[PDB]
Every structure is written in structure tokens, then in C-alpha cells.
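Novice: Quick one, fold the following:
(chains A, B and C, ligands or ions: 7)
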Amino acid sequence: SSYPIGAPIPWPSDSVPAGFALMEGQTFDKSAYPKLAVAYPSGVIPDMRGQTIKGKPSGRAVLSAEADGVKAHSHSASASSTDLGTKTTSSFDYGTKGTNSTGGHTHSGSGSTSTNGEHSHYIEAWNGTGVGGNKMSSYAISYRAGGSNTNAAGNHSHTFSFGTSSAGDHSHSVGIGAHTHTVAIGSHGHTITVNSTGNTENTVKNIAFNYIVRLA
Amino acid sequence: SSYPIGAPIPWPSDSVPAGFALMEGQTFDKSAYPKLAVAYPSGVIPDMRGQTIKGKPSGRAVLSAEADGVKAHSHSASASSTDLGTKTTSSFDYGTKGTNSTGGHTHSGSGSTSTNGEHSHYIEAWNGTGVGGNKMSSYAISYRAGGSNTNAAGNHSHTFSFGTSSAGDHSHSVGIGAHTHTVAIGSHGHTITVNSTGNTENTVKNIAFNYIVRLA
Amino acid sequence: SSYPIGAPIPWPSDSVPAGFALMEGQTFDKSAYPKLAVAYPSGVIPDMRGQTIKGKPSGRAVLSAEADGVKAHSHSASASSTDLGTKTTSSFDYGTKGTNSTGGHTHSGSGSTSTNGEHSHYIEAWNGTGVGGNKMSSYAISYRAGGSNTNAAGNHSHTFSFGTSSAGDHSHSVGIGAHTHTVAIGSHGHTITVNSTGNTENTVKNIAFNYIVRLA
Ligand SMILES: [Fe+2]
Ligand SMILES: [Fe+2]
Ligand SMILES: [Fe+2]
Ligand SMILES: [Fe+2]
Ligand SMILES: [Fe+2]
Ligand SMILES: [Fe+2]
Ligand SMILES: [Fe+2]
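Specialist: Residues are numbered from 1 along each chain as shown, chains lettered A, B, ... in the order given. Ligands and ions are numbered 1, 2, ... in the order given. What follows is the structure:
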């Protein structure tokens, strides 16, 4: 025969011709169909529904099934740059600080006192002839007759004591200035999830036929 | 027939033997070709170019077309870790600060004045007999005849007044010290783009034949 | 002939019928197989092992081979949000600062001295008639005869100088206060790697048959 019994035939109609059967995985009687049994010694006609025919390679058995499966491949990919913006730090408060204690000191001073001390002294007078010497006599006093000086006397000093007026009230400036800090951010990553793409089946362009087989 | 009319025949040449026709989508005459009309009641031969044959599953009509399509799948993916390094804060300027006002005080002093005040007194002298008593007589003064003292006098004080020398210029130190801050960085993501991989069509290893069909 | 010589036949058995040959890429005797020579003018039967038949599309020669290949597709993807947390800045040390120099001043003061300076004076006495006037005579002094005063004298002042007691030790407070900074984080991204998914080959659901061909 030009097309041997048992070879699958692609049939374009749901009306199956007399003498043929749909290939649907069914058993048959090997005694009743001796030529079909040459093609299928198991006595089972393969289920061809949803199947494509592939020429048997080395490493695969005849009538073995193979699932659909996508070929190994990957993808290039990239992530958008993200700007994290500006952040504000916690507040630090230096409060109020004290200075060291300093400023103990003395002053010096000099001057003149006021002018004072004007005075006179009393002198005992004596009279009566017979005795002379030493004492002031007032024997003859009718008219002025000039005058004269005591000897010198009266060198002296005084002590002084004082508290001063209150002074010295003051303040200072202190230049503090400006500063910055650094902040180490360190390292980080993210978890990447790639979503599914595709159909329930892997397919190529195909037209549907009913696989049939000649019984005898 | 061992291969019924209407079943597709894969043919290895571009020369189509007489009695057969290339399956190209063409309409045919159903009265001229009634056995072909049994297989193709619509009067149209399917266009098999670029097509593979698939056995018809439940849920698909005989001769329905199915496009090529990749099977549902995803990929695992990862993001490299990134070191953000070190960031500098803004500058804060404390400028110059002023202290409180303090340091009002007094001093005391004491001592002695210089020794001064030596002096003598003039005494009015009188002369001439007939009057006596009280006053100083200069009646007889030819030669020295001792001497004597006045009574005591002369107790007194003085006032004083002064400004002092300038003193008290000084400075202080002030311990400021060190500080840190904390800063909250927060959260972020990235937009992930995955590029296309693959061909115009989804294909399997295939050899090209011309599908032809027997007419009668 | 209902299936012409040279058309490939899917055979379900490893035992090939007599008068057919596995399509394995072999050459053939063109004179001995003249109808086969019309189907295959090259004298070569194509290798059908691992092959699917596809209908010859335009732009492609009959019996040419086509490799398996995934259809162009991509995937959506996403990256998880990452909290970078709280970071501590570097420590900044203002250390110890100095103030400006100020505080130079004077004080005033006033008061009275102690009361001192009581004294008397010696007076020289003279005697002997023949000279008169001016000087103190002691001619006649037997009994007391009242007394009189010297003239006024003795106005004077003194100088003083001193160092004062120690005073003026003190300190100040200075309000510094609180501050924060801002910190610009800048931008970053990540290298994204997508891993391979799939099998050695692109496949659809298939059953393996031995492609054979009728010789004569
Ligand atoms: Fe002072
Ligand atoms: Fe700071
Ligand atoms: Fe993919
Ligand atoms: Fe005096
Ligand atoms: Fe005095
Ligand atoms: Fe001070
Ligand atoms: Fe990131």
C-alpha cells in the first residue's frame, strides 16, 4: 500500500469515513485487526488529541510523549534611579554654659587731703619784780612794740580708712561659629519579583485536524 | 482508499504533480470535485502555508486556527547591593553669644598720710611802763634767759578724695564640648523594567514542505 | 497513487515495512528510484529526526530547516520597599572657647582722717634792760598775771598713697541653645539581573513517530 495501515492520517472533517477510527487512546482486538497490530503491538491506538507529530530523535522511544515547554532564555533589566530627598536631624541642645572664674585684682591711688589745722595757743603771763627768767612777763604793756615767733613744732601724720564705690559690672562676647557633620548611610538591596507572562500552553501556528487511522 | 481525498499531503517539491493542488485557501468547484467536497463542505481548501498540523482537542473546532504563543513562565531576579556612602549635613551657625552681666565689687584701703604740718606762731609784743598783765612784754631783752612752753592746741582732721588707677581687664574660657544627632532615613523603591527577548514567531525545529491535496 | 512517492510517512514502530526507508539524510540511487528522483532532485532524502513538518511559507525554500525560538515577550516586575532606618551623625566638638577682653575700670572714694596733732611750742625768753621790742621778756615773773594768745597759724595738707584690698573674682553664664540640620541624601539605583527560565529546546505537546518514505 502507498500509505501503510497504522500510520496516522490528518482528516479535515468531524465525519469519519467508513473503515477508519479516531485516534483516541482506545484498545483494539489484535486478532481482528492483524495489520493494525503490526503497527501497534500493544493493541492500543495512541491518543492524538492535542498532539503534534515529531520525527523520533536518538534518545527518545517511538510513541513517547513530550510536554510543551519554553526554551531557556533570560531578559535584560534595569531599575530607575531614586532620589531620597532631604531629611531633618534630631535637635541637640547645649543649654547654658558657665565660664571659668577670673578677674581678682587691686588698684593703686594717691592724692592730697584738704587744708585744715588753723589754731592758736594760750600763754601764761606773769608779773612782779624780784624774779626773772624763762616765763613770759607782762611787766610793761602800754603800747605795741612789734612781735616775734615761737619756735617751730607740730609735725604729725594721720591714718585713713575707706571702702570704695561699687564698680566693674560687665559682660563679654564669645564667638562660637558654625559646623556640619557627616553621616554614613551604608548598603542596601531590594527583593525583585518578576511576574508571569504567557498562555496555558506553548504553541506554534497550527490548524486543527482529526487524526484517524485505517483499521484494515 | 489508503489515503482518502482531502487529507493533507506534505510534498517535498515546488512542482505539484498533476491531479493534486497546493493548499492555499482557494475556493474549488464542488460539482467537479465531489469527493473533495465531502472533506471540505465549505468549498474552501485551507491555506496551510506557515502552518503545522495539530490533532483536534475537545473544546476546539475542526480546522480552527491557533496562533503561536509562549507558555506562562516567570524568572527569578536580583538587585545588586548599593553603598550610598557618606553624606554631609547643612551648616549651623551659632554665631557670637553674649554672657550675663556680672562682676560689681568694692575694695577697701588704709594707711597713714605723709608727715607734715611744722610751723610757728607770731606773738604780738608790747612795751612801756604803767600797764601790766596778760600780754607779752618786750621790756628787757638784752640777753638770753632760757624759755618756756605755750599751752597745747592743734587737734584736727582732714578730708580726702580720690579716683583709683585703672585695672581689671580680663577674659574667660568656656567649655562648650561635643555633640551628635540622629536622623531617620525612611523608605524607598525603584521602578523595574524588563526588556523583550525572542523572535517574531514562537517556533520548534521544523522542515518546510508544501502541503498539497489530491482532487479526485 | 493516493499518496505519492517521496511524501514523508509517520510510522509508529521501530520495525520498518519492506519497500520503505527511514528518512535519515541519506543519498539514494536516482536511476533505480526514478519517481523518488522527481520528488528529491538532489539525490538526498532529508533527515526528519527531531523535526516537525511545517507548511512552506513565502521567502523560504522547500526542505529548508528552521531552528526553535521563543516568541518576543517581556514581563512586568517590581522591587520591594526598603527602610534604611535611623543613623547617627559624626560627633562635632566645639571644644573650649575664649571671650573678648574687657572689664577695665576705676573707683572713687572719700572720707575723713583720724584726729591728731595736739602740740605746744617752745618760746625763747630774754632778759636785761637796755634793749627792748619784739622778743619775749622775762624781766618780772614773781606771780601769775593771766595770759594771752599767740596769733593763728598752722593750715596745711598731707599726701597719701595706697594699694587696695583684692576684689572682683567672678564668672558668667552664656546661653548657647539648640539646633538641627538638614541632610540631602542624593540618588542611587541598582544592577538588576534576571535568571534563565526554560528547557534546552522550545517544544509543543508531541508524540514521536518514525518518518519513512516509499522507494518505488
Ligand atoms: Fe576694682
Ligand atoms: Fe550639630
Ligand atoms: Fe521570559
Ligand atoms: Fe601750733
Ligand atoms: Fe594734719
Ligand atoms: Fe568677666
Ligand atoms: Fe535602592
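Novice: Residue A:121: what's it in contact with?
Specialist: A:150, B:121, B:150-154, C:120-121, C:149-150 (CB atoms under 8 Å, 6 or more residues apart in numbering or on different chains). Any C-beta I mention is one placed from the backbone N, CA and C, and that applies to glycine too.
Novice: for residue A:52, same thing?
Specialist: Counting by CB under 8 Å, 6+ apart, residue A:52 touches A:206, B:52-55, C:52, C:204-207.
Novice: Contact partners for residue A:36?
Specialist: A:5-6, A:28, A:45, A:213-216.
Novice: Would you list the buried entries among these?
Specialist: A:5-6, A:28, A:45, A:213-215 (16 or more other CB atoms under 10 Å in any protein chain shown).
Novice: Among these, name the ones in strands.
Specialist: When DSSP state E defines the strands, the subset of these inside them is A:213-214.
Novice: Report the entries of the buried ones among the contacts of residue A:36 that also contact chain C.
Specialist: Counting by CB under 8 Å from any CB of the partner chain, residue A:6 from these sit close to chain C.
Novice: Which of the buried ones among the contacts of residue A:36 sits closest to residue C:81?
Specialist: residue A:45 (57.9 Å; CB to CB).
Novice: That closest one touches residue A:213, doesn't it?
Specialist: Yes. Residue A:45 lies in contact with residue A:213 (CB atoms under 8 Å); the separation is 6.1 Å.
Novice: Just flag the most distant two among the contacts of residue A:36.
Specialist: Maximum pairwise distance in the contacts of residue A:36, criterion CB to CB, is 13.3 Å, between A:45 and A:216.
Novice: Now do the same contact list for the most centrally placed residue in chain A.
Specialist: Centroid-nearest residue in chain A, with CA atoms, centre = their mean: residue A:185, separated by 5.7 Å. Residues near residue A:185 by CB under 8 Å, 6+ apart: B:84-87, B:185, C:84, C:87, C:185.
Novice: Format those as JSON lines; extra columns: distance to residue C:165 and secondary structure.
Specialist: Below are the contacts of residue A:185 laid out as JSON lines (distance: CB to CB, whole Å; DSSP: H, G, I helix; E, B strand; the rest coil):
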{"residue": "B:84", "distance to residue C:165": "66", "secondary structure": "coil"}
{"residue": "B:85", "distance to residue C:165": "64", "secondary structure": "coil"}
{"residue": "B:86", "distance to residue C:165": "59", "secondary structure": "strand"}
{"residue": "B:87", "distance to residue C:165": "59", "secondary structure": "strand"}
{"residue": "B:185", "distance to residue C:165": "63", "secondary structure": "coil"}
{"residue": "C:84", "distance to residue C:165": "66", "secondary structure": "coil"}
{"residue": "C:87", "distance to residue C:165": "58", "secondary structure": "strand"}
{"residue": "C:185", "distance to residue C:165": "63", "secondary structure": "coil"}
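Novice: would you turn those residues into TSV with distance to residue A:167?
Specialist: Shown next, in TSV, are the contacts of residue A:185 (distance: CB to CB, whole Å):
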residue	distance to residue A:167
B:84	61
B:85	59
B:86	54
B:87	53
B:185	57
C:84	60
C:87	54
C:185	57
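Novice: Now the buried members of those residues.
Specialist: The neighbour count (16+ other CB under 10 Å) marks B:84, B:87, B:185, C:84, C:87, C:185 as buried among these.
Novice: buried residues in stretch A:11-28?
Specialist: For stretch A:11-28, using 16+ other CB under 10 Å, the buried residues are A:11-13, A:17, A:22-23, A:28.
Novice: how about those, which pair is most distant?
Specialist: It's A:12 and A:28 that sit farthest apart of those, by CB to CB, at 23.9 Å.
Novice: Break down chain A into its helices, ranges please.
Specialist: Residue ranges of the helices in chain A, as given by DSSP state H, are A:34-39.
Novice: Need the outlier residue of chain A, farthest from its centre.
Specialist: Ranked by distance from the centre of chain A (CA atoms, centre = their mean), the top residue is residue A:130, with 124.5 Å.
Novice: one step back: show me which of the buried ones among the contacts of residue A:36 is closest to chain B.
Specialist: residue A:214 (6.6 Å; CB to the nearest CB).
Novice: Excluding chain neighbours, what is closest to the closest one?
Specialist: Spatial nearest neighbour of residue A:214, excluding adjacent residues (CB to CB, 6 or more residues apart in numbering or on different chains): residue A:5 at 5.0 Å.
Novice: For that neighbour, list the residues it contacts.
Specialist: By CB under 8 Å, 6+ apart, residue A:5 lies in contact with A:35-36, A:38-39, A:213-216, B:2.
Novice: who's in contact with the residue lying closest to residue A:39 once chain neighbours are set aside?
Specialist: Leaving aside its sequence neighbours, residue A:39 sits nearest to residue A:6 (CB to CB, 6+ apart; 2.3 Å). Taking CB under 8 Å, 6+ apart as the criterion, residue A:6 is in contact with A:35-36, A:38-40, A:213-214, C:11-13.
Novice: Spatially, which pair of those residues is furthest apart? Let me know, please.
Specialist: Maximum distance among the contacts of residue A:6 (CB to CB): 15.0 Å, for A:214 and C:13.
Novice: Return the member of the contacts of residue A:6 nearest to residue A:114.
Specialist: residue C:12 (149.6 Å).
Novice: and that closest one, what is it in contact with?
Specialist: Residue C:12 touches A:6-8, A:39-40, A:46, A:62-63, C:209-210, counting by CB under 8 Å, 6+ apart.
Novice: For burial, what's the neighbour tally of residue A:128?
Specialist: Neighbour count of residue A:128, defined by other CB atoms under 10 Å in any protein chain shown: 15.
Novice: hmm, back to that, buried by neighbour count, from the contacts of residue A:121: which ones?
Specialist: For those, buried by 16+ other CB under 10 Å: A:150, B:121, B:150, B:153-154, C:120-121, C:149-150.
Novice: hmm, back to that, distance to residue C:68 added to the contacts of residue A:52, as TSV?
Specialist: Listed next are these as TSV, based on distance: CB to CB, whole Å:
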residue	distance to residue C:68
A:206	15
B:52	13
B:53	18
B:54	17
B:55	20
C:52	9
C:204	10
C:205	15
C:206	12
C:207	18
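Novice: which one among those residues gets closest to residue C:96?
Specialist: Distances from residue C:96 to the contacts of residue A:52, taken by CB to CB, are shortest for residue C:204, at 83.5 Å.
Novice: Tell me, how many residues neighbour the residue lying closest to that closest one once chain neighbours are set aside?
Specialist: Spatial nearest neighbour of residue C:204, excluding adjacent residues (CB to CB, 6+ apart): residue A:68 at 4.8 Å. Residue A:68 is flanked by 20 other residues according to other CB under 10 Å.
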